[PDB]
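Beneath this line is the structure, given in structure tokens, with notes to follow.
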Amino acid sequence: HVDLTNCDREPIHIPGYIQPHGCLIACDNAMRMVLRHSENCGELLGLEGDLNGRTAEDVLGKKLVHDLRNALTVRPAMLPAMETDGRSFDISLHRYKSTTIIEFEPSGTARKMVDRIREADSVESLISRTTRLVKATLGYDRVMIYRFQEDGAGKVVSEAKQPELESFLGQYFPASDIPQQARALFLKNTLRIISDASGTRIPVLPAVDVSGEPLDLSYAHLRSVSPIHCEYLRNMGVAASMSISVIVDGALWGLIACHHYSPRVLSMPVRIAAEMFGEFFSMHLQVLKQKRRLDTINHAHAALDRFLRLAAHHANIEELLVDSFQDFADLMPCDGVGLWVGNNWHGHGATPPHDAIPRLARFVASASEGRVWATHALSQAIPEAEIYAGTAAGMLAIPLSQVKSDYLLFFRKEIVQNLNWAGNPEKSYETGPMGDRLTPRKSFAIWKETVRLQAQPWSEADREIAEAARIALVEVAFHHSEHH
Amino acid sequence: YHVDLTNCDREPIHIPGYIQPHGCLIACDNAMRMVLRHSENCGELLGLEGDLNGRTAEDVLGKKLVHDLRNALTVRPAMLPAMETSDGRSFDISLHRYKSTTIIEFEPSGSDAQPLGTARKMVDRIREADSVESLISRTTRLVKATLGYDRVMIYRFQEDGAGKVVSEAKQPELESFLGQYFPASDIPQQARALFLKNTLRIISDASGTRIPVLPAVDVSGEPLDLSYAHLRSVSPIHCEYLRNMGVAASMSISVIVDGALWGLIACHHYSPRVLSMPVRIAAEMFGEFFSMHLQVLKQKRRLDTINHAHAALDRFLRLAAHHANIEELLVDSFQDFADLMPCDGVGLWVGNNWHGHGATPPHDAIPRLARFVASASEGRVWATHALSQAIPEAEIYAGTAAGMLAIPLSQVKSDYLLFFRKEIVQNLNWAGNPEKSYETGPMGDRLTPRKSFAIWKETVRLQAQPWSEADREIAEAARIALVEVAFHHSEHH
Ligand SMILES: *C/C=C1/C(=C/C2=NC(=C\c3[nH]c(/C=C4/NC(=O)C(C=C)=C4C)c(C)c3CCC(=O)O)/C(CCC(=O)O)=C2C)NC(=O)[C@H]1C
Ligand SMILES: *C/C=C1/C(=C/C2=NC(=C\c3[nH]c(/C=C4/NC(=O)C(C=C)=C4C)c(C)c3CCC(=O)O)/C(CCC(=O)O)=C2C)NC(=O)[C@H]1C
Ligand SMILES: [Cl-]
Ligand SMILES: [Cl-]
């Protein structure tokens with residue numbers, strides 16, 4: 001039995017149940033024999049008796065088995081409006097772990113949605129409009145986008161909602177809210193469908209076969225839901241969901257999460273459209289993200305080139321840097337910047353106090369090998385840094401010399417200080433047996449604890465810019481030494 | 001007016017007044033209410049009697065078809081295969097509006113597969129290519145196999161607008177053009193404009209009788225702008241060129257990278273030939289995918305090359321940190337810098353002493369080069385692919401070194417790391433037959449591949465392959481890495 005002590009390793013790929021909005025037949029790798037079936041196959045497909053040990057041809061008929069075998073030559077195959085008795089079923093077909101899984105549901109959207117995002121020319125504009133578009137088109141009560149942080153936490157970066165709902169915009173949930181196996185399954189599958197968070201699960205018969213093997217439902221869209229997540233949704237009032245996974249650089253960037261406060265499942269044709277939309281969204285996001293990065297790096301290069309040209313006509317470089325250092329804050333996101341040269345401090349924005357800087361400089365001198373050194377958790381490196389964490393919890397240090405402990409220092413505030421949460425601190429949630437852990441309020445509190453005394457991480461882009469600055473300043477120092 | 005070699009650079013190829021004979025064309029007002037012009041063959045092709053101009057579109061084409069076409073104009077020219085005409089027959093129709101004119105183009109329908117299926121089969125056979133080279137090599141073979149043309153080439157445009165034949169699939173009896181170049185002037189600016197605006201250009205018959213658009217010039221003195229009409233007739237100049245080659249027909253797919261014309265996939269046939277509209281739609285889809293995949297592969301290759309350079313320069317920095325004598329280290333190491341970017345030679349000029357590796361100017365030539373760079377550079381990288389143009393005397397050694405990229409090593413001494421490239425003609429890898437000759441027409445031998453190639457060679461005589469933006473970025477990284485080696489050296493010694 002799953003609970004809060006073991007939900008981190010819950011084997012959610014092998015639950016032994018499906019959701020009730022479809023039925024499932026598992027055959028051998030050659031689609032010759034029925035090995036397992038969901039208990040609701042009889043009712044849904046109009047079949048009698050234990051289906052296990054009947055041939056696929058027997059159960060499905062000659063035509064359908066032929067058509068499915070053909071589809072299996074060609075991601076699960078999605079076959080809307082297949083003809084069985086002359087009825088229509090939307091069929092999903094795949095093979096995994098030497099098992100053929102057939103899923104049945106009783107039977108230009110993509111182009112229209114894509115056309116409404118393809119002209120977005122910033123990441124911000126893309127993510128803002130997508131929740132609104134998806135909500136209107138797919139008819140869910142709420143649509144959110146989460147962006148995963150470096151530590152795996154999710155940030156709610158976009159939201160469209162019914163006017164009567166509470167807001168989660170600007171909120172974060174901890175990494176632990178989505179277990180590693182769920183993340184694996186959100187990388188492997190574009191869509192995750194939950195038709196009813198209070199729907200009675202349908203057993204796969206048998207759950208464990210004569211060889212002792214569970215049925216791996218990793219790629220089955222009907223796979224049942226963890227009791228943990230069902231309780232979480234029930235506490236929220238959510239009754240149904242569908243996520244579209246967002247893939248950037250071959251990895252899970254985040255989710256488009258659609259939540260409904262009553263049961264809901266989109267027809268397979270619409271799901272296919274949503275999947276196509278998701279692929280386009282991911283690719284457009286990646287392209288916009290690349291452009292933003294390029295522009296930011298080019299901005300830094302341009303600024304540093306201006307600095308190099310400026311410095312060429314200054315006899316006193318220390319003075320120039322005392323007069324100029326504040327401008328370096330524009331190179332990358334930061335809340336403060338400062339110059340530590342010849343044991344003299346010059347600060348701008350949110351920095352540690354004057355008297356704290358020696359200790360920091362000493363620490364970097366010990367820890368660095370003459371390149372950029374950066375942390376988003378100062379107090380972990382330097383316990384006494386805790387006192388000023390409110391002002392400066394993260395530091396990036398650019399060395400100005402290999403023989404002297406002189407630095408250009410960038411700082412960031414504790415991440416909780418920069419929060420822009422649109423939600424309602426008064427909003428409370430009912431709970432079930434597992435208690436308040438499974439509520440947005442507690443999730444948010446847990447996240448805050450995970451990032452206490454910490455700042456926003458220095459990204460790979462931030463570090464590239466810092467390295468550009470380091471080398472630019474080396475050049476300033478060198479050309480000065482050449483002349484003068 | 002007659003086009004010839006003196007004025008073909010500005011031939012108004014958008015308004016020829018004719019179409020090709022493999023379809024017919026009707027021009028209507030912007031509302032598709034009235035027929036304003038038609039190709040002379042509309043009568044024969046669509047089975048219409050009487051002068052078409054002045055009649056309503058509904059009269060000529062039937063209310064149903066006009067209704068459908070009007071609908072399509074609401075939802076690039078629209079490509080509408082297998083449209084049912086008033087007499088029950090099927091026509092593939094291309095429909096667009098431009099310069100307040102609606103242009104309807106008709107071809108008899110054949111039997112065709114869905115475009116998306118044809119395109120998917122092609123795309124599946126390139127989508128797994130994981131280098132630009134592999135993509136480019138396989139695409140001519142695939143396109144030739146799918147489309148059934150006698151030759152398929154890919155051209156990549158050079159910085160100067162010249163085309164290089166970078167891939168070829170051909171009938172065994174044909175001559176090869178692989179590794180050949182044609183000069184920029186072989187494709188006039190307006191032709192380039194129309195290859196940016198139109199994914200496909202179709203020529204069914206380079207010796208086909210042109211069909212007049214009636215009237216060529218309307219009552220108001222206006223010609224019909226056929227910029228986006230697929231049936232638009234072909235310049236006599238190019239028709240002559242094709243005939244000299246023995247080519248009777250062609251189709252090009254434009255390749256768009258970073259919003260501009262990267263090059264073409266050019267299909268040539270030695271007998272009159274045209275693809276069905278459904279296959280043309282598939283080709284367009286393939287072209288779009290090809291362009292995107294190329295861009296992705298090109299980005300990866302660039303990233304790999306920059307990262308390779310950074311890794312090498314980082315190794316050099318770490319190496320230099322434990323060397324008391326940096327000049328000595330460079331004297332022993334400089335040849336390795338040739339691996340940073342494409343070059344035929346590299347050398348170190350320090351303290352009026354030369355060390356060279358590969359193809360470089362002679363020892364005696366280096367002082368003049370360094371003095372020139374010193375006067376021409378503001379302390380950043382300086383590079384040319386045309387040394388003789390900067391330094392007349394460099395002509396003597398252009399075969400060995402026609403291009404130079406100079407990295408300054410000091411702001412107070414004219415010390416440099418120099419990269420060189422041979423004259424581009426020296427690095428040709430032409431698979432063609434020097435004894436292959438071409439017949440000519442009235443315009444003479446200008447309009448032949450042999451003369452095109454000779455003209456190109458003249459345009460790049462004494463010149464090397466240009467130093468690319470990537471090359472220049474790598475050079476800049478090397479410059480600042482060497483600044484850093486010098487600075488840290490001064491810090492400790
Ligand atoms: C130890 C196990 C836990 C757990 C399991 C699972 N969570 C799954 C999905 C999921 N959970 C959340 C959590 C949220 N925290 C918030 O603050 C918030 C909203 C304000 C939510 C919804 C999210 C965001 C997700 C992703 C899906 C979605 O957003 O709809 C999950 C997968 C279920 C499935 O699809 O099979 C499992 C399993 N949840 C916990 O809270 C911990 C204790
Ligand atoms: C002053 C005008 C000239 C001219 C006009 C046009 N050329 C057009 C297309 C074209 N021409 C070439 C030329 C080649 N040079 C070679 O060496 C070679 C093969 C080995 C060729 C084919 C090319 C490559 C192209 C692009 C199309 C293709 O490759 O099939 C053109 C457009 C015609 C149209 O489609 O309407 C015009 C106009 N050609 C000249 O040579 C100069 C004098
Ligand atoms: Cl468990
Ligand atoms: Cl992002």
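Whatever order the structure lists ligands and atoms in, that order sets their numbers, starting from 1. Labels below follow one simple rule: chain letters A, B, ... track the order of the sequence lines, proteins then strands, and each chain is numbered from 1.
In this structure, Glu231(A) does not pair ionically with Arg437(A), as no charged nitrogen and carboxylate oxygen lie closer than 4.0 Å.
Near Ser235(B), the atoms of ligand 2 lying under 4.0 angstrom from a non-hydrogen atom of the residue are 38 (C). Near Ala257(A), meaning under 4.0 Å from one of its heavy atoms, ligand 1 places the atoms 29 (O). For ligand 2, the atoms lying closer than 4.0 Å to a non-hydrogen atom of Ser452(B) are 15 (N), 17 (O). Those atoms of ligand 2 with a heavy atom of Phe182(B) less than 4.0 angstrom away are 15 (N), 16 (C), 17 (O), 24 (C). Listed by number with element, the atoms of ligand 1 under 4.0 Å from a non-hydrogen atom of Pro440(A) are 17 (O), 20 (C). Against a heavy-atom cut-off of under 4.0 Å, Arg192(A) is close to the following atoms of ligand 1: 34 (C), 35 (O), 36 (O). Applying the 4.0 Å criterion to heavy atoms of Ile187(B) picks out, from ligand 2, the atoms 10 (C), 23 (C), 25 (C), 26 (C). Here is the list of ligand 2 atoms found below 4.0 Å of a heavy atom in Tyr241(B): 14 (C), 15 (N), 16 (C), 17 (O), 18 (C), 21 (C), 41 (O).
The closest protein non-hydrogen atom to atom 15 (N) of ligand 2 is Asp186(B) OD2, 2.8 Å. The protein atom (non-hydrogen) at minimum distance from atom 32 (C) of ligand 2 is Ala191(B) CB, 4.0 Å. Looking at atom 27 (C) of ligand 2, its nearest protein heavy atom turns out to be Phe195(B) CZ, 4.0 Å. When hydrogens are left out, the protein atom nearest atom 6 (C) of ligand 2 is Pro188(B) CD, 3.4 Å; that is the closest non-hydrogen contact. Taking atom 8 (C) of ligand 1 as the reference point, the nearest protein heavy-atom neighbour is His229(A) ND1, 3.5 Å. The shortest contact between atom 19 (C) of ligand 1 and any protein heavy atom is with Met236(A) CE, 4.0 Å.
Counting heavy atoms closer than 4.0 Å to ligand 2, residue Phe453(B) contributes nothing at all. Contact annotation for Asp9(B) and ligand 2: only backbone heavy atoms (N, CA, C, O) come within less than 4.0 Å of the ligand. Contacts between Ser185(B) and ligand 2, counted as non-hydrogen atom pairs separated by less than 4.0 Å, involve the backbone only. Of the heavy atoms in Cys7(A), both backbone and side-chain atoms come closer than 4.0 Å to ligand 1. Contact annotation for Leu438(A) and ligand 1: only side-chain heavy atoms (C-beta onward) come within less than 4.0 Å of the ligand.
A donor and an acceptor atom, one from each side chain of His14(B) and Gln190(B), are located under 3.5 Å apart. Judged by distance alone, the side chains of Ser235(B) and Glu11(B) do bring a donor and an acceptor atom under 3.5 Å apart. Side-chain polar atoms of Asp150(B) and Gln171(B) form a donor-acceptor pair below 3.5 angstrom. For the 3.5 Å distance criterion, the side chains of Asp196(A) and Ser198(A) fail to qualify, holding no donor opposite an acceptor.
Under a 4.0 angstrom heavy-atom cut-off, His268(B) registers as being in contact with ligand 2. Distances from ligand 1 to the non-hydrogen atoms of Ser243(A) include no value under 4.0 Å. Ligand 2 is never approached by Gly163(B) to a heavy-atom distance shorter than 4.0 Å. The closest approach between any non-hydrogen atom of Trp456(B) and ligand 2 is not below 4.0 Å. Ligand 1 does not have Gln181(A) within reach: every non-hydrogen atom of the residue lies 4.0 Å or more from it.
Checking each of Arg151(B), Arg450(B), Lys170(B) against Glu175(B) for a salt bridge (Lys or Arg N to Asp or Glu O under 4.0 Å) leaves exactly one that passes, namely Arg151(B). Of the residues listed (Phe444(A), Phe168(A), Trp447(A), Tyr146(A)), the one engaging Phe173(A) in a ring-ring contact (aromatic ring centres under 6.0 Å, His included) is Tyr146(A), and it is the only one.
Enclosure of atom CD in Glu173(B) by more than 12 non-hydrogen atoms of other residues, nucleotides or ligands within 6.0 angstrom is indicated.
Judged by distance alone, the side chain of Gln149(A) and the main-chain N or O of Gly154(A) form no donor-acceptor pair under 3.5 Å. A donor-acceptor pair under 3.5 Å links the side-chain atoms of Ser282(A) to the main chain of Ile247(A), judged by distance alone.
With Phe195(B) as the aromatic partner, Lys197(B) does not meet the cation-pi criteria of under 6.0 angstrom to the ring centre and within 45 degrees of the ring axis. Seen from the ring of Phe157(B), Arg192(B) counts as a face-on cation partner, given the 6.0 Å and 45° thresholds.
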Could you give me the CA-CA distance, side-chain angles and deciding distance for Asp186(B) and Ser452(B), then say whether side-chain hydrogen bond (donor to acceptor under 3.5 Å, both in side chains) is met? CA-CA 7 Å; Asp186(B) 278 12; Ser452(B) 286; 2.5 Å; yes
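Considering both main-chain and side-chain atoms, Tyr155(B) comes within under 3.5 Å of ligand 2 through a nitrogen or oxygen pair.
Partners of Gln171(A) by side-chain hydrogen bond (donor to acceptor under 3.5 Å, both in side chains), not counting sequence neighbours, listed by chain and number: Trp421(A).
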